[PDB]
Amino acid sequence: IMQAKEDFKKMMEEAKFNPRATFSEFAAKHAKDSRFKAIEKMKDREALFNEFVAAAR
């Protein structure tokens, strides 16, 4: 039901952080978040991160 995906977007729009930060810096901060390890594919998180920064700017 795209519940995990919708929960991820809600966290990113509410986690408003520096747009010049990289995925490694952002992931290192939320690495301990339960939603982070919930997604098996690291590539999907990196794809969303690149899209989020490009879309937010």
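Heads up, the sequence shown is in the entry's author numbering, so the first residue is 5 and it goes up one at a time. Virtual Cβ for every residue (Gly too), placed ideally from N, Cα, C.
### Message
What would DSSP say about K45, mapped onto helix, strand or coil?
### Response
For the purposes of this step, residue 45 is taken as the residue at position 41 of the sequence shown. Three-state result, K45: coil.
### Query
By DSSP, does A58 sit in helix, in strand, or in coil?
Position 54 of the sequence shown, counting from 1, holds the residue named residue 58. Of the three classes helix, strand and coil, the one that applies to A58 here is helix, per DSSP.
### Top-ranked residue by Cα proximity to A8, from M46, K45, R39, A58
Counting from 1 along the sequence shown, the entry for residue 8 is found at position 4. Cα-wise, what sits closest to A8 is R39.
### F12 and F30 closer than 8 Å at C-beta
On the sequence shown, residue 12 is found 8 positions in, with the first residue counted as 1. On the sequence shown, residue 30 is found 26 positions in, with the first residue counted as 1. It is not a contact, given that the beta carbons lie outside the stated cut-off.
### Assumed close pair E44, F27 - CB separation to whole angstroms, cut-off 8 Å
Taking the sequence shown and counting its residues from 1, one reaches residue 44 at position 40. Taking the sequence shown and counting its residues from 1, one reaches residue 27 at position 23. Not quite, the Cβ-Cβ distance comes to about 16 Å (not below 8 Å), so this is no contact.
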